Each structure stands twice: as C-alpha cells, then as structure tokens.
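*Asks:* Pasting an experimental structure, sequence included:
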Amino acid sequence: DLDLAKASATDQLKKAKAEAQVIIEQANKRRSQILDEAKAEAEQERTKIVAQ
Amino acid sequence: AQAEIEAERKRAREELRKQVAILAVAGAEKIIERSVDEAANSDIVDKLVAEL
C-alpha cells in the first residue's frame, strides 16, 4: 500500500510539471498574439496620419 | 510616421523651387532676345573688350 501512495505522489508532481509547462506556453503565445495585434494597429494608425 | 511627413514636406518644397528656377531663366532668355539691340550689343562688347 505504501508504494501505491508513493506512486500517487510522484504522479501528482508529474502532472504539476505538465501544467506548469502548459500554462507558461499559453502565456508566451499570448505575449506574441497581443504584441502582433498592437503592432498592426499602431502601424495602420501611422498610415492614417501620414495620409492626412 | 512623423519622419516621413517631414521628408515629404522637404521634397515638395524642392519640387516647387525647381519649377520656379527653370521658368525664371526661360523668362529671362525671352526678355533678353526681345530687348537686345545695337546699343546693348555695343555695350556688352565694349565692356568685355575693356577688360579682355
């Protein structure tokens, strides 16, 4: 029984590592997806002011 | 964007100055050919020979 408890513990830590990677991955994907939209909108703003 | 606005200001200023410059000399030419005579020819030739 003891060993089943040990295995559950190591499995919890494995799941924690997987979720850490997944959440930081999504956070970096969000960095890029936010910055690209900001880049395109600022650049179209430039184009508008220049045309003015 | 501000940089290009300023550069286009400069470029249009130059574009206009060019036309003014060429037309000034074309007008001067036509005026001269319309206004020279024996007196002006004699004056020019005498003034250059006086320093030849």
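*Replies:* Yep, it's here. Numbering: from 1, shown residues only, chains lettered A, B, ... in the order given.

*Asks:* element containing the residue of chain A found nearest chain B?
*Replies:* Relative to chain B, the nearest point of chain A is residue A:46 (3.9 Å; C-beta to the nearest C-beta). Quick note: C-beta positions are derived from backbone N, CA and C, even for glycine. In this structure, residue A:46 sits in helix A:2-51 according to DSSP states H and E.

*Asks:* and that helix, what does it pack onto?
*Replies:* If you count contacts as 3 or more C-beta pairs under 8 Å, 6 or more residues apart in numbering or on different chains; DSSP states H and E, helix A:2-51 packs onto helix B:2-35.

*Asks:* Can you check what angle separates the helix it packs on from helix A:2-51?
*Replies:* Comparing the axes of helix B:2-35 and helix A:2-51 via axes from the mean of the first three to the mean of the last three C-alpha atoms, to 10 degrees yields an angle of 20 degrees.

*Asks:* which element follows helix B:2-35 toward the C-terminus?
*Replies:* Following helix B:2-35 in sequence order, the next helix or strand is helix B:38-49 (DSSP H and E).

*Asks:* Output the contacting helices and strands for that next one.
*Replies:* Based on contacts counted as 3+ C-beta pairs under 8 Å, 6+ apart, there is no element that helix B:38-49 packs against.

*Asks:* Distance from the helix holding residue A:46 to the middle of the chain?
*Replies:* Counting by C-alpha atoms, centre = their mean, to the nearest Å, helix A:2-51 is centred 0 Å from the centre of its parent chain.

*Asks:* Over to stretch B:23-37?
*Replies:* Here stretch B:23-37 is found 10 Å from its chain centre; the criterion is C-alpha atoms, centre = their mean.

*Asks:* hang on, the earlier thing: so who does the nearest residue to the residue of chain A closest to chain B once chain neighbours are set aside touch?
*Replies:* Nearest non-adjacent residue to residue A:46, counting by C-beta to C-beta, 6 or more residues apart in numbering or on different chains: residue B:1, 3.9 Å away. Taking C-beta atoms under 8 Å, 6 or more residues apart in numbering or on different chains, we find residue B:1 in contact with A:46, A:47, A:49, A:50.
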